[PDB]
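Novice: Could you have a look at this structure, given as structure tokens, before my questions?
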2 protein chains.
Amino acid sequence: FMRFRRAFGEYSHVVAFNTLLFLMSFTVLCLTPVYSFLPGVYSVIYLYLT
Amino acid sequence: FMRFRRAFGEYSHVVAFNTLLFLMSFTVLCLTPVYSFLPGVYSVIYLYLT
């Protein structure tokens with residue numbers, strides 16, 4: 001984490017959350033084909049959390 | 001963008017807008033031969049925006 005903070009300057013904070021949200025969305029999309037409940041409730045949770 | 005900000009010192013801000021305006025003007029000049037309306041209205045918009 002120190003090595004990561006050495007680069008990317010001030011924008012490391014923006015990059016980290018953008019990557020984490022993308023990873024979470026990718027995981028949700030991967031779990032979509034079996035669990036059909038996710039697209040609605042996860043979207044509502046994301047709207048609440050944002 | 002971090003790599004670009006590493007160089008050019010304090011004048012990166014002046015260089016960026018100067019390059020963007022030059023690119024926009026070049027695009028407008030490229031669209032000139034077909035759309036004859038551009039030289040006047042774009043000049044007025046540029047004067048307003050400056």
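Following the order of the structure tokens, first chain is A, next is B, and so on, with residues numbered from 1 inside each chain and ligands from 1 in the order they appear.
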Both chains have the same sequence, so match all Cα atoms in order, fit chain A onto chain B by least squares, and return it as a CSV table (one decimal) with N, CA, C and O atoms, in the first residue's frame.
Specialist:
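In the end it all went to part_8.csv:
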chain,number,residue,atom,x,y,z
A,1,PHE,N,-2.1,11.6,-16.7
A,1,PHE,CA,-2.2,13.0,-16.2
A,1,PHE,C,-1.2,13.3,-15.1
A,1,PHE,O,-0.7,14.4,-15.0
A,2,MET,N,-1.0,12.3,-14.2
A,2,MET,CA,0.0,12.5,-13.1
A,2,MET,C,1.4,12.6,-13.7
A,2,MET,O,2.2,13.5,-13.3
A,3,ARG,N,1.7,11.8,-14.7
A,3,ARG,CA,3.0,11.9,-15.4
A,3,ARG,C,3.1,13.2,-16.1
A,3,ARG,O,4.2,13.8,-16.1
A,4,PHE,N,2.1,13.7,-16.7
A,4,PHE,CA,2.1,15.0,-17.4
A,4,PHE,C,2.3,16.2,-16.3
A,4,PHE,O,3.1,17.1,-16.6
A,5,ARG,N,1.6,16.1,-15.2
A,5,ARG,CA,1.8,17.1,-14.1
A,5,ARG,C,3.1,17.0,-13.5
A,5,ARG,O,3.6,18.0,-12.9
A,6,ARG,N,3.8,15.9,-13.6
A,6,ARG,CA,5.2,15.8,-13.1
A,6,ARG,C,6.1,16.7,-13.7
A,6,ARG,O,7.0,17.3,-13.1
A,7,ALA,N,5.9,17.0,-15.0
A,7,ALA,CA,6.8,17.9,-15.8
A,7,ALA,C,6.0,19.2,-16.0
A,7,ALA,O,4.9,19.4,-15.5
A,8,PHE,N,6.7,20.2,-16.7
A,8,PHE,CA,6.1,21.4,-17.1
A,8,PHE,C,5.9,22.4,-15.9
A,8,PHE,O,5.5,23.5,-16.1
A,9,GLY,N,6.2,21.9,-14.7
A,9,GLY,CA,6.2,22.8,-13.6
A,9,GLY,C,4.9,23.5,-13.3
A,9,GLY,O,3.8,22.9,-13.3
A,10,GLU,N,5.0,24.8,-13.1
A,10,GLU,CA,3.7,25.6,-12.8
A,10,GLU,C,2.9,25.9,-14.1
A,10,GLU,O,1.7,26.1,-14.0
A,11,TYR,N,3.6,25.8,-15.3
A,11,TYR,CA,3.0,26.2,-16.5
A,11,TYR,C,2.1,25.2,-17.2
A,11,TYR,O,1.7,25.4,-18.3
A,12,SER,N,2.0,24.0,-16.6
A,12,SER,CA,1.1,23.0,-17.1
A,12,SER,C,-0.3,23.4,-17.3
A,12,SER,O,-1.0,23.1,-18.3
A,13,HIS,N,-0.8,24.2,-16.4
A,13,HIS,CA,-2.2,24.8,-16.5
A,13,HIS,C,-2.3,25.7,-17.7
A,13,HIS,O,-3.3,25.6,-18.4
A,14,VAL,N,-1.3,26.5,-18.0
A,14,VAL,CA,-1.3,27.4,-19.1
A,14,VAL,C,-1.2,26.6,-20.4
A,14,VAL,O,-1.9,26.9,-21.4
A,15,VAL,N,-0.4,25.5,-20.4
A,15,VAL,CA,-0.2,24.7,-21.6
A,15,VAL,C,-1.4,23.9,-22.0
A,15,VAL,O,-1.8,23.8,-23.1
A,16,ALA,N,-2.1,23.4,-21.0
A,16,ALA,CA,-3.3,22.5,-21.2
A,16,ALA,C,-4.4,23.3,-21.9
A,16,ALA,O,-4.9,22.8,-23.0
A,17,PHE,N,-4.8,24.4,-21.4
A,17,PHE,CA,-5.9,25.2,-22.1
A,17,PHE,C,-5.4,25.7,-23.4
A,17,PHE,O,-6.3,25.8,-24.4
A,18,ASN,N,-4.2,26.1,-23.6
A,18,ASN,CA,-3.7,26.6,-24.9
A,18,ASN,C,-3.7,25.5,-25.9
A,18,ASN,O,-4.1,25.8,-27.1
A,19,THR,N,-3.4,24.3,-25.5
A,19,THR,CA,-3.5,23.1,-26.4
A,19,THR,C,-5.0,22.8,-26.7
A,19,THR,O,-5.3,22.5,-27.9
A,20,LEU,N,-5.9,22.8,-25.7
A,20,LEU,CA,-7.3,22.5,-26.0
A,20,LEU,C,-7.9,23.5,-26.9
A,20,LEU,O,-8.7,23.1,-27.8
A,21,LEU,N,-7.7,24.8,-26.7
A,21,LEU,CA,-8.3,25.8,-27.6
A,21,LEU,C,-7.7,25.7,-29.0
A,21,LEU,O,-8.5,25.8,-30.0
A,22,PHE,N,-6.4,25.4,-29.1
A,22,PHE,CA,-5.9,25.2,-30.5
A,22,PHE,C,-6.5,24.0,-31.2
A,22,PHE,O,-6.8,24.0,-32.4
A,23,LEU,N,-6.7,22.9,-30.4
A,23,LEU,CA,-7.4,21.7,-31.0
A,23,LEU,C,-8.8,22.0,-31.4
A,23,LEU,O,-9.2,21.6,-32.5
A,24,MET,N,-9.5,22.7,-30.6
A,24,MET,CA,-10.9,23.1,-30.9
A,24,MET,C,-11.0,24.0,-32.2
A,24,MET,O,-11.8,23.8,-33.1
A,25,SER,N,-10.0,25.0,-32.3
A,25,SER,CA,-10.0,25.8,-33.4
A,25,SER,C,-9.6,25.0,-34.7
A,25,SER,O,-10.1,25.3,-35.8
A,26,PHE,N,-8.7,24.1,-34.5
A,26,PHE,CA,-8.3,23.2,-35.7
A,26,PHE,C,-9.5,22.4,-36.1
A,26,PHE,O,-9.7,22.2,-37.4
A,27,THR,N,-10.3,21.9,-35.2
A,27,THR,CA,-11.5,21.1,-35.6
A,27,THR,C,-12.5,22.0,-36.3
A,27,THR,O,-13.1,21.6,-37.3
A,28,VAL,N,-12.7,23.2,-35.8
A,28,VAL,CA,-13.6,24.1,-36.4
A,28,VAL,C,-13.2,24.5,-37.8
A,28,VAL,O,-14.0,24.5,-38.8
A,29,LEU,N,-11.9,24.7,-38.0
A,29,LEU,CA,-11.3,25.0,-39.3
A,29,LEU,C,-11.5,23.8,-40.3
A,29,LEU,O,-11.7,24.0,-41.5
A,30,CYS,N,-11.3,22.6,-39.7
A,30,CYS,CA,-11.6,21.4,-40.6
A,30,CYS,C,-13.0,21.3,-41.0
A,30,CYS,O,-13.3,20.8,-42.1
A,31,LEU,N,-14.0,21.7,-40.1
A,31,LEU,CA,-15.4,21.6,-40.5
A,31,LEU,C,-15.8,22.8,-41.3
A,31,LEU,O,-17.0,22.8,-41.7
A,32,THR,N,-15.0,23.8,-41.6
A,32,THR,CA,-15.3,25.0,-42.3
A,32,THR,C,-15.8,24.7,-43.7
A,32,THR,O,-16.9,25.3,-44.1
A,33,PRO,N,-15.1,23.9,-44.6
A,33,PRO,CA,-15.5,23.9,-46.0
A,33,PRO,C,-16.9,23.5,-46.3
A,33,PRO,O,-17.4,23.8,-47.4
A,34,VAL,N,-17.6,22.8,-45.5
A,34,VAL,CA,-18.9,22.3,-45.8
A,34,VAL,C,-19.9,23.2,-45.0
A,34,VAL,O,-20.9,23.7,-45.6
A,35,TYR,N,-19.7,23.4,-43.7
A,35,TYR,CA,-20.6,24.2,-42.9
A,35,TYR,C,-20.0,25.7,-42.9
A,35,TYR,O,-19.1,26.0,-42.2
A,36,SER,N,-20.7,26.5,-43.6
A,36,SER,CA,-20.3,27.9,-43.8
A,36,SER,C,-20.8,28.8,-42.6
A,36,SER,O,-20.4,29.9,-42.5
A,37,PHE,N,-21.7,28.2,-41.8
A,37,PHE,CA,-22.2,29.0,-40.6
A,37,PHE,C,-21.2,29.1,-39.5
A,37,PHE,O,-21.2,30.1,-38.7
A,38,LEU,N,-20.2,28.2,-39.5
A,38,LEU,CA,-19.3,28.2,-38.3
A,38,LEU,C,-18.4,29.4,-38.1
A,38,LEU,O,-18.3,29.9,-37.0
A,39,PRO,N,-17.8,30.0,-39.1
A,39,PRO,CA,-16.9,31.1,-38.9
A,39,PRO,C,-17.4,32.3,-38.1
A,39,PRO,O,-16.7,32.9,-37.3
A,40,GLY,N,-18.7,32.6,-38.2
A,40,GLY,CA,-19.3,33.7,-37.5
A,40,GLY,C,-19.8,33.3,-36.1
A,40,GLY,O,-19.4,33.9,-35.1
A,41,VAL,N,-20.7,32.2,-36.0
A,41,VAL,CA,-21.3,31.8,-34.8
A,41,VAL,C,-20.2,31.3,-33.8
A,41,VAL,O,-20.3,31.5,-32.6
A,42,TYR,N,-19.3,30.5,-34.3
A,42,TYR,CA,-18.2,30.0,-33.4
A,42,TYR,C,-17.3,31.1,-32.9
A,42,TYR,O,-16.9,31.1,-31.8
A,43,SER,N,-17.0,32.1,-33.7
A,43,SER,CA,-16.3,33.3,-33.3
A,43,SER,C,-17.0,34.0,-32.2
A,43,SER,O,-16.4,34.4,-31.2
A,44,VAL,N,-18.3,34.2,-32.3
A,44,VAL,CA,-19.1,34.9,-31.3
A,44,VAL,C,-19.1,34.0,-30.0
A,44,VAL,O,-19.0,34.6,-28.9
A,45,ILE,N,-19.3,32.7,-30.1
A,45,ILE,CA,-19.3,31.9,-29.0
A,45,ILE,C,-17.9,31.9,-28.3
A,45,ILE,O,-17.8,31.9,-27.0
A,46,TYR,N,-16.8,31.9,-29.0
A,46,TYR,CA,-15.5,32.0,-28.5
A,46,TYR,C,-15.3,33.4,-27.7
A,46,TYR,O,-14.7,33.4,-26.6
A,47,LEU,N,-15.8,34.5,-28.3
A,47,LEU,CA,-15.7,35.8,-27.7
A,47,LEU,C,-16.5,35.8,-26.4
A,47,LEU,O,-16.0,36.3,-25.3
A,48,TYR,N,-17.7,35.1,-26.4
A,48,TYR,CA,-18.5,35.1,-25.1
A,48,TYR,C,-17.8,34.2,-24.1
A,48,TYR,O,-17.8,34.6,-22.9
A,49,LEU,N,-17.2,33.1,-24.5
A,49,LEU,CA,-16.6,32.1,-23.6
A,49,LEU,C,-15.3,32.6,-23.0
A,49,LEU,O,-14.9,32.2,-21.9
A,50,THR,N,-14.5,33.5,-23.7
A,50,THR,CA,-13.2,33.8,-23.3
A,50,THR,C,-13.2,34.7,-22.0
A,50,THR,O,-12.1,34.8,-21.4
Novice: Got a sec to tell me which of chain B DSSP assigns to alpha helix (DSSP H), as number ranges by chain?
Specialist: B: 2-6, 12-31, 38-49
Novice: Suppose we keep C-alpha atoms; can you now write the selection as a PDB file, in the first residue's frame?
Specialist:
ATOM      1  CA  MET B   2      -0.036  12.494 -13.133  1.00  0.00           C
ATOM      2  CA  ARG B   3       2.968  11.901 -15.397  1.00  0.00           C
ATOM      3  CA  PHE B   4       2.102  15.049 -17.366  1.00  0.00           C
ATOM      4  CA  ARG B   5       1.769  17.062 -14.138  1.00  0.00           C
ATOM      5  CA  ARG B   6       5.186  15.757 -13.056  1.00  0.00           C
ATOM      6  CA  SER B  12       1.116  22.967 -17.148  1.00  0.00           C
ATOM      7  CA  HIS B  13      -2.163  24.786 -16.482  1.00  0.00           C
ATOM      8  CA  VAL B  14      -1.347  27.394 -19.140  1.00  0.00           C
ATOM      9  CA  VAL B  15      -0.183  24.726 -21.599  1.00  0.00           C
ATOM     10  CA  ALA B  16      -3.290  22.542 -21.219  1.00  0.00           C
ATOM     11  CA  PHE B  17      -5.870  25.215 -22.063  1.00  0.00           C
ATOM     12  CA  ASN B  18      -3.683  26.601 -24.858  1.00  0.00           C
ATOM     13  CA  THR B  19      -3.532  23.134 -26.429  1.00  0.00           C
ATOM     14  CA  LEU B  20      -7.266  22.494 -25.966  1.00  0.00           C
ATOM     15  CA  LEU B  21      -8.251  25.805 -27.575  1.00  0.00           C
ATOM     16  CA  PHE B  22      -5.860  25.170 -30.475  1.00  0.00           C
ATOM     17  CA  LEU B  23      -7.360  21.710 -31.001  1.00  0.00           C
ATOM     18  CA  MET B  24     -10.913  23.098 -30.930  1.00  0.00           C
ATOM     19  CA  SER B  25      -9.989  25.826 -33.422  1.00  0.00           C
ATOM     20  CA  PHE B  26      -8.323  23.241 -35.674  1.00  0.00           C
ATOM     21  CA  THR B  27     -11.479  21.107 -35.589  1.00  0.00           C
ATOM     22  CA  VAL B  28     -13.630  24.141 -36.439  1.00  0.00           C
ATOM     23  CA  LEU B  29     -11.316  25.014 -39.337  1.00  0.00           C
ATOM     24  CA  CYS B  30     -11.555  21.411 -40.552  1.00  0.00           C
ATOM     25  CA  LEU B  31     -15.363  21.596 -40.495  1.00  0.00           C
ATOM     26  CA  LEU B  38     -19.288  28.160 -38.320  1.00  0.00           C
ATOM     27  CA  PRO B  39     -16.862  31.105 -38.869  1.00  0.00           C
ATOM     28  CA  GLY B  40     -19.318  33.652 -37.460  1.00  0.00           C
ATOM     29  CA  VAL B  41     -21.265  31.838 -34.754  1.00  0.00           C
ATOM     30  CA  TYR B  42     -18.203  29.992 -33.440  1.00  0.00           C
ATOM     31  CA  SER B  43     -16.273  33.272 -33.261  1.00  0.00           C
ATOM     32  CA  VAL B  44     -19.138  34.860 -31.313  1.00  0.00           C
ATOM     33  CA  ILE B  45     -19.285  31.863 -28.956  1.00  0.00           C
ATOM     34  CA  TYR B  46     -15.509  32.031 -28.470  1.00  0.00           C
ATOM     35  CA  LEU B  47     -15.694  35.751 -27.661  1.00  0.00           C
ATOM     36  CA  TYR B  48     -18.460  35.064 -25.141  1.00  0.00           C
ATOM     37  CA  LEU B  49     -16.586  32.150 -23.560  1.00  0.00           C
TER      38      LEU B  49
END
